[PDB]
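Chemist: pasting the first bit of my complex, frame unchanged:
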Amino acid sequence: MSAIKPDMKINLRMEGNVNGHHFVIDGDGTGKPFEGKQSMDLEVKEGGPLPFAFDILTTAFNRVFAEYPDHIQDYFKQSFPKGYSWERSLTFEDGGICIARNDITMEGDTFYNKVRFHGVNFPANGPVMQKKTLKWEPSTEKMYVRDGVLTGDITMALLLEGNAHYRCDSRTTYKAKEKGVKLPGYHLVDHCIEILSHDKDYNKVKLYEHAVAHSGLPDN
């Protein structure tokens, strides 16, 4: 009767505004929570074609999808059926700043995601507005508790055309809806996110992520 099933569906609606450009994006996917793997088909419903690199949105498209070993507390699987929410800031090295929120609920075998994304101050000659990005590099999220709230800090980098990189700092706070969800100790979550396929304007994107929790060296 556990709330997390081996094979679950993801329903998602994101609405947002980057540099004044409004958009709405729907997502429909599937995933294996215990293997930390998920995939989603995304469709721009409003605001297509997007004038900014689709990659800035992709980590906003659920830490339920992370394989947690036994010795690390799994805050996110413990947050269901009721669910949890997160808030995030993305601080890019050229001054562009985004904030995002996701309210996550569950019914039967399906997670529901109410997503908001806002970005300001991206320069017109920067790699985001020039759509010069190729992918997020693999990353490692550092998970710790601060003021009673599980917090994830990430040194991220977008690979650009030309083999340069473009740095972004992520800070996420995760909050279970129900009281009594046990907070975890310090730990790390490896991430790899990839756009598997897209049409020319990125009005249709298939996205994939793999995530694994561990305790660092030497144990993991």
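Modeler: Okay, I see it. Residues are numbered from 1 along each chain as shown, chains lettered A, B, ... in the order given.
Chemist: Now the most centrally placed residue in chain A. Nearest residue, chain neighbours left out?
Modeler: Centroid check for chain A by C-alpha atoms, centre = their mean gives residue A:59 as the closest residue, at 2.9 Å. With sequence-adjacent residues excluded and distances taken as C-beta to C-beta, 6 or more residues apart in numbering, residue A:59 is closest to residue A:193, at 6.3 Å. C-beta: built from backbone N, CA, C; applies to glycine.
Chemist: Name the SS class of the residue nearest to the centre of chain A, please.
Modeler: Recorded secondary structure, residue A:59: helix (DSSP: H, G, I helix; E, B strand; the rest coil).
Chemist: my guess is it meets residue A:141, correct?
Modeler: No - the criterion here is C-beta atoms under 8 Å, and residue A:59 misses it with residue A:141 at 9.9 Å.
Chemist: which neighbours do those two share?
Modeler: Each of A:170, A:191 lies in contact with both residue A:59 and residue A:141 under the rule C-beta atoms under 8 Å, 6 or more residues apart in numbering.
Chemist: can you give me the strands for chain A?
Modeler: A:8-18, A:21-32, A:37-46, A:84-92, A:97-107, A:110-120, A:133-136, A:139-146, A:149-160, A:165-176, A:187-198, A:204-214 (DSSP state E).
Chemist: For the last one, what is the distance to the chain centroid?
Modeler: So the one you mean is strand A:204-214. 8 Å (C-alpha atoms, centre = their mean, to the nearest Å).
Chemist: what's it in contact with?
Modeler: Residues from elsewhere that reach strand A:204-214 (C-beta under 8 Å, 6+ apart): A:27, A:29, A:36-44, A:54, A:58, A:61, A:63, A:65-69, A:72, A:74, A:143, A:187-198, A:220.
Chemist: rerun that using 6 Å as the cut-off
Modeler: A:36-43, A:58, A:61, A:66-68, A:72, A:187-198, A:220 (C-beta atoms under 6 Å, 6 or more residues apart in numbering).
Chemist: Filter the residues you listed down to the buried ones, PyMOL style.
Modeler: The PyMOL selection below is limited to those of the contacts of strand A:204-214 classed as buried (16 or more other C-beta atoms under 10 Å):
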select buried, chain A and resi 36+37+38+39+40+41+42+58+61+66+67+68+72+187+188+189+190+191+192+193+195
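Chemist: to the structure above, add chain B:
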Amino acid sequence: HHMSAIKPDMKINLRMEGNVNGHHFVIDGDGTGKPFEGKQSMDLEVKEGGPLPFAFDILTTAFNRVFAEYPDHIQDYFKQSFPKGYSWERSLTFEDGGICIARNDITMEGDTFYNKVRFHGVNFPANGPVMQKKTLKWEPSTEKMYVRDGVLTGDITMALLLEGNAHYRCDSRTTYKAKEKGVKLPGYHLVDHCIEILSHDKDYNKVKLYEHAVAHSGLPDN
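Modeler: Adding chain B to the chains above:
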């Protein structure tokens, strides 16, 4: 060049929608101002989301650099942006991790500015001065104005005074963009600010706000 259509006495009309730490709110504003004196006041009314669960002070600079006294030797991007108007986007990075972004579309009709304002903030700690409403006021500040990536940009070291005389630092970056073509870009300059909540009811559902701003070139001709 360009003539302004800015008048010595103008009206201000403002609607803000936003969301801080997940709480939705809508706030309306109606005020007057003296553009060439750089002074303005506004009556604010929380329409949705009252009583606000966070310190009202974090919103107040989102509540127009038209209201800044510019001397003749510094180009005035803002008065030269009308009648068509301009927009700005802003990040507020607080020292305890709280981050806000805001934007304002400013138009003009007759003697009235219209402001379409959006405000979103995340990651404010539950026991911090913002969610505990321990702020007292913004200290007077100086905005540093310069052209970055072809765009007029204002960077400000800001500080909220807290109860128990302590300060809570916030870093501000704003980009300003005229709607019309051909607006001349200024050289580097400073804008002194002082913003004040003159009065408010107990829950800050109603707030009277005041700002005074003066542009200058720094020492010694300050």
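Chemist: try the contacts of strand A:204-214 again now we have chain B.
Modeler: A:36-43, A:58, A:61, A:66-68, A:72, A:187-198, A:220 (C-beta atoms under 6 Å, 6 or more residues apart in numbering or on different chains).
Chemist: Could you report the neighbour count for the closest residue to residue A:93 other than its chain neighbours?
Modeler: Excluding its sequence neighbours, the residue lying closest to residue A:93 (C-beta to C-beta, 6 or more residues apart in numbering or on different chains) is residue A:167, at 4.4 Å. Residue A:167 has 12 neighbouring residues, counting by other C-beta atoms under 10 Å in any protein chain shown.
Chemist: Likewise for residue A:73?
Modeler: 18.
Chemist: Got phi/psi on the closest residue to it other than its chain neighbours?
Modeler: Distance criterion C-beta to C-beta, 6+ apart; nearest residue to residue A:73, sequence neighbours excluded, is residue A:184 at 3.6 Å. Phi and psi for residue A:184, reported as degrees, to the nearest 10, are phi -90, psi 160.
Chemist: Around residue A:184, count how many other residues there are.
Modeler: 18.
Chemist: So which bits of chain A are right by chain B?
Modeler: A:87, A:89, A:97, A:99, A:118, A:120, A:121, A:123, A:125, A:147, A:173 (C-beta under 6 Å from any C-beta of the partner chain).
Chemist: Nearest spatial neighbour of the third one, chain-adjacent residues omitted?
Modeler: Meaning residue A:97. residue B:91 (4.2 Å).
Chemist: wouldn't residue A:95 be in contact with residue A:121 here?
Modeler: Yes - contact criterion C-beta atoms under 6 Å: residue A:95 and residue A:121 qualify, at 5.1 Å.
Chemist: Show me which of the two is the more surrounded one.
Modeler: residue A:121 (25 against 19).
Chemist: got a list of contacts for stretch A:87-103?
Modeler: A:60, A:85-86, A:113-122, A:126, A:128, A:167-173, B:91, B:99, B:101, B:120, B:122-123.
Chemist: Flag every buried residue along it.
Modeler: For stretch A:87-103, burial by neighbour count (16 or more other C-beta atoms under 10 Å in any protein chain shown) applies to A:87-92, A:94-102.
Chemist: Near residue A:186, how many other residues are there?
Modeler: Residue A:186 has 11 nearby residues by other C-beta under 10 Å.
Chemist: these two touch, right, it and residue A:144?
Modeler: Yes - at 4.9 Å, residue A:186 counts as touching residue A:144 under the criterion of C-beta under 6 Å.
Chemist: Further, place chain C onto the existing structure:
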Amino acid sequence: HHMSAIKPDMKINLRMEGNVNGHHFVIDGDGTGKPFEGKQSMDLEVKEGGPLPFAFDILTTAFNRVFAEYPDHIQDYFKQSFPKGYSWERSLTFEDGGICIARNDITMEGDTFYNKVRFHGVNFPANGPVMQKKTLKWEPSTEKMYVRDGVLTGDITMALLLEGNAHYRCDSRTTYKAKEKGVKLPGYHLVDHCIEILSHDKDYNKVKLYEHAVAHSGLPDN
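Modeler: Same chains as before, plus chain C:
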């Protein structure tokens, strides 16, 4: 207060040693100044490591807030710190990753201030404005003075003017500590600064530097 053994005209003696991007240097300075006017000037000479391979400008704020005009309504922590003296520590964080720290231990014998200065910088990119010497000057600035955990702290939004009238941003954080126990701390206030190189030889082995600084309470006051 006015019980100062600070005189209206003071000599300034300085030795800086440092290392930027692996390059060692020693620089001596001899100047004079008017503490109550907030003005000072200095002749600087590179004794070792000349000609410097980085922009001289990054060094110049390390070349004493005694030379700041304080009005009577603001507590003057720096003039009150003498005759014993005070020390400061500083970080300079540049927008392209270059970071500097600096310290100065300031003493006084007779009519002369003595300055033991150290300056270390790391992580300047090979083709950035510092290592390529594209800086023209510091822009005028305003330092924001406040108390944090018992120590007077000054935060500054600084900008180096570059070739082509672009700007290169640096964030300054300084902590100031009187040697004597019990020197009274000021409330929040603002110090305008304008630092300028008045002349130099081609390689900047010899530089004449000037600074004007004035404390104030911001608008609508000063």
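Chemist: The contacts of strand A:204-214 with chain C there, same question as before?
Modeler: Contacts of strand A:204-214 (C-beta under 6 Å, 6+ apart): A:36-43, A:58, A:61, A:66-68, A:72, A:187-198, A:220.
Chemist: Only the C-alpha atoms, please, for it, written as PDB.
Modeler: The C-alpha trace of strand A:204-214 is given here as PDB (Å, rounded to 0.1, in the frame of the first residue of the first chain):
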ATOM      1  CA  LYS A 204       8.500  19.900 -28.700                       C
ATOM      2  CA  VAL A 205      11.200  18.500 -26.400                       C
ATOM      3  CA  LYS A 206      11.700  15.100 -24.900                       C
ATOM      4  CA  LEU A 207      13.700  15.400 -21.700                       C
ATOM      5  CA  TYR A 208      15.400  12.800 -19.600                       C
ATOM      6  CA  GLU A 209      17.100  12.700 -16.100                       C
ATOM      7  CA  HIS A 210      19.000  10.200 -14.000                       C
ATOM      8  CA  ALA A 211      19.800  11.000 -10.300                       C
ATOM      9  CA  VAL A 212      21.600   9.000  -7.600                       C
ATOM     10  CA  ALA A 213      22.100   9.800  -3.900                       C
ATOM     11  CA  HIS A 214      25.300   8.900  -2.200                       C
END
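Chemist: relative to strand A:139-146, how tilted is it?
Modeler: Angle of strand A:204-214 versus strand A:139-146, following axes from the mean of the first three to the mean of the last three C-alpha atoms, to 10 degrees, is 60 degrees.
Chemist: which parts of stretch A:71-85 are buried?
Modeler: So, applying 16+ other C-beta under 10 Å, buried residues of stretch A:71-85: A:72, A:73, A:74, A:75, A:76, A:77, A:78, A:79, A:80, A:83, A:84, A:85.
Chemist: same deal with stretch A:45-57?
Modeler: Quick answer for stretch A:45-57 (16+ other C-beta under 10 Å): A:47, A:50, A:52, A:53, A:54, A:55, A:56, A:57.
Chemist: Tell me which two of those residues sit farthest apart.
Modeler: Across those, the longest distance by C-beta to C-beta is 16.3 Å; it joins A:47 and A:55.
Chemist: out of the buried residues of stretch A:45-57, who's nearest chain C?
Modeler: residue A:56 (20.4 Å; C-beta to the nearest C-beta).
Chemist: Can you get me a residue count around residue A:214?
Modeler: If we define neighbours as other C-beta under 10 Å, then residue A:214 has 17 of them.
Chemist: my guess is residue A:55 contacts residue A:131, does it?
Modeler: No - under the criterion of C-beta under 6 Å, residue A:55 is not in contact with residue A:131, lying 8.9 Å apart.
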